[PDB]
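Peer 1: Quick one: the structure is below, and I'll ask about it shortly.
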Amino acid sequence: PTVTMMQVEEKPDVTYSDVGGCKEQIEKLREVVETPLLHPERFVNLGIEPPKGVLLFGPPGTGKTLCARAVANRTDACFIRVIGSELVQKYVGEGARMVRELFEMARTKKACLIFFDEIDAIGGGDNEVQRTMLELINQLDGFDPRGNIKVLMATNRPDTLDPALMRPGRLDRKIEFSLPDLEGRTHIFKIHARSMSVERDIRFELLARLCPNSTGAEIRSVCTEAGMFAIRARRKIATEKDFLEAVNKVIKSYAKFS
Amino acid sequence: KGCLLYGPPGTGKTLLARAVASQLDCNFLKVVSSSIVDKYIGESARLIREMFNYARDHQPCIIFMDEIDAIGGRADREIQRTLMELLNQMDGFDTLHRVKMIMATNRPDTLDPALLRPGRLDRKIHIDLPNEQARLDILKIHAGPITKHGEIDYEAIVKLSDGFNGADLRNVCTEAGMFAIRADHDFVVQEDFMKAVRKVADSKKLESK
Amino acid sequence: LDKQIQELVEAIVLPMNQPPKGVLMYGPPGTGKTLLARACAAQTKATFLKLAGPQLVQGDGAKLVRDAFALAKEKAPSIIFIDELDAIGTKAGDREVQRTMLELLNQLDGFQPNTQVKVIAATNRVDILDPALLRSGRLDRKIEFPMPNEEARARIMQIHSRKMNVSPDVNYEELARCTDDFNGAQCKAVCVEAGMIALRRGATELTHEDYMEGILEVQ
């Protein structure tokens, strides 16, 4: 149906160095998306049951940016990102054929990688959801589609009990959000220097040290009010003295209650 | 429409009610005392009306009640509520006909003298202790359908059985027959009877509470 | 823990290689009865057909009983391992699962061809137990579990760490002594945790100090 040709995702997007400051965790989740892609036989010959992928949970923060990074680091054929809102729908019975036809497309596309977004929508009456998650794990643990390509869960709450007790068998490499230190934000600054006319007088270390506890969501809002108040001020160039009030406003006025 | 089987000295009601209930019983439906503790909200009233409602919708019906001594306190508020449903549904205005219920207990002291009233419990039979001679005769009339080897000796089985349960006597003796049938021998020697009857019977002394 | 794995391996292998029909695998928690019966399945080599407790609750439990006994009727002699039977057999849905239960006992009572594939039952507690389960065809093998020791933890961790590339220098006494107040799945966190950094260490073969480095790493 429309989900077949619509599901295939093209037009690549945000890259590697937009990571929210993780130096070791970016290797802990990079050595399963980039290293197995360079050769299949390598991790097959590395022993028994090569790792499928990683696990992302906790606070949203810089979410959906590292998955866009995984889409960007695709070297040969642009990959896909299954969304969670398509499995739980009205008129049950189409989610099974949906996951079996997208896993069948994974079989057809020479060991294609699959990513699962918003697992909390199908995680955790709920018998129509138990079909999608019990049949979903029944197809992941099954050796029919593939057992080496990719697993990656990106969600907000790890409060899904059944996937938490079914995950240690097949899923592996769970990591936290790993909030950055003071020096981590300047990488996101150096890569987002394509933003709305960052002047060369703007120092990225000054902007980094002027905002503590400012994980990728809060500096992404620094960029949101940066370009937004750059458009609303009828200006065309951005100067740190022109939007520092928007910076400390967007971090302090939004850091008071939250 | 009511009867009581209290056997405080000894036992033997399980072989009777399981012998006839296993023979015909005219039906099959067991109600255990653990379906009433109701750890959640105490809505067991509609469970009594629903389950007994099906027990009256079905014309043939016989209900057993085992281990009522702990749920027969003279937590107890919902117990006495279901006992008010037992009064109003044993001697009430309902369809209280042929359908029959049977109560079993252990001690004749906390037996809810409101339930000990006639109607709620018409008959009562005081079971006695299983005598060594009664154990020998019950083991001879229960030794019929089970196969044994030509070498037989009931003196060790009856002698080594002191203060045991008759239901546990039959289930432990037949448990020893099933212990000796593991090696698919048509003949059953009494060596495995001494072994499995002794060990499993001592396990029923550990679990004889 | 050897006489009960011998009693279980006999209970499910002497009919596989009157034979026993039912087995009640219970005991206190912390042992790993599901992975002990699955470790037994690793020795039987037959197909391991998993089934959970609340899978009967979806008049469908009788359909899963007749389905497991249809696969038992025609399907090759696999190993059906059900678990958490006391939670669904609570002695109006629970009464429907009691009808499923009495149909299960009726099919394990009135059927002579029951010498085929068996069903292994596991419970975490025997407080809720059907008194009508006293039959050769029904659940017969009632085994209690003792407290495991560090030697038995080295046994199950050796069955669970026998296929991986482990260096042949393991005294099992440093790691067996360091694993205190642990369980089976936590020793699986130990061995899998030792398998985590096997990629970034570069050495594709597991070493000695990685077990105790996992114990001190996550636990």
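Numbering starts at 1 and runs along the chain as it is shown here.
The backbone N, Cα and C atoms fix where each Cβ goes, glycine too.
Here Swiss-Prot flags C:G27, C:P28, C:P29, C:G30, C:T31, C:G32, C:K33, C:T34 as ATP binding site, drawing on sequence analysis. The feature phosphoserine is assigned by Swiss-Prot to C:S167, with a large-scale study or a structure entry given as support.
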Peer 1: An 8 Å radius from the center of the C:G27, C:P28, C:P29, C:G30, C:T31, C:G32, C:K33, C:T34 Cβ atoms defines the neighbourhood of the ATP site; name the other residues of that chain inside it, in order.
Peer 2: C:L36, C:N124, C:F145, C:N183, C:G184
Peer 1: Could you say whether, by DSSP, C:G27 (ATP binding site) belongs to a helix, a strand or a coil region?
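Peer 2: The three-state answer is coil.
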Peer 1: Quick check on the binding-site residues: of C:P29, C:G32, whose CB has the lowest count of neighbouring CB atoms inside 10 Å?
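Peer 2: Each of the binding-site residues C:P29, C:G32 was scored; lowest Cβ tally within 10 Å is C:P29.
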Peer 1: Does anything in the same chain, at least 6 positions from C:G30 (ATP binding site), have a Cβ under 8 Å from its Cβ, and if so what?
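Peer 2: Result: C:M147, C:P148, C:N183, C:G184.
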Peer 1: Pick from C:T31, C:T34, C:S167: which of these recorded positions has the biggest number of other Cβ atoms within 10 Å of its Cβ?
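Peer 2: Result for the most crowded candidate: C:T31.
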Peer 1: Let's check the environment of C:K33 (ATP binding site): how many other CB atoms sit within 10 Å of its CB?
Peer 2: 22
Peer 1: In Å, rounded, how far does the Cα of C:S167 (phosphoserine) sit from the Cα of C:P28 (ATP binding site)?
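Peer 2: Taking the Cα atoms only, C:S167 (phosphoserine) lies 34 Å from C:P28 (ATP binding site).
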Peer 1: Considering the binding-site residues C:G27, C:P28, which residue's Cβ sits among the greatest number of other Cβ atoms within 10 Å?
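Peer 2: Checking each of C:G27, C:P28, the winner is C:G27.
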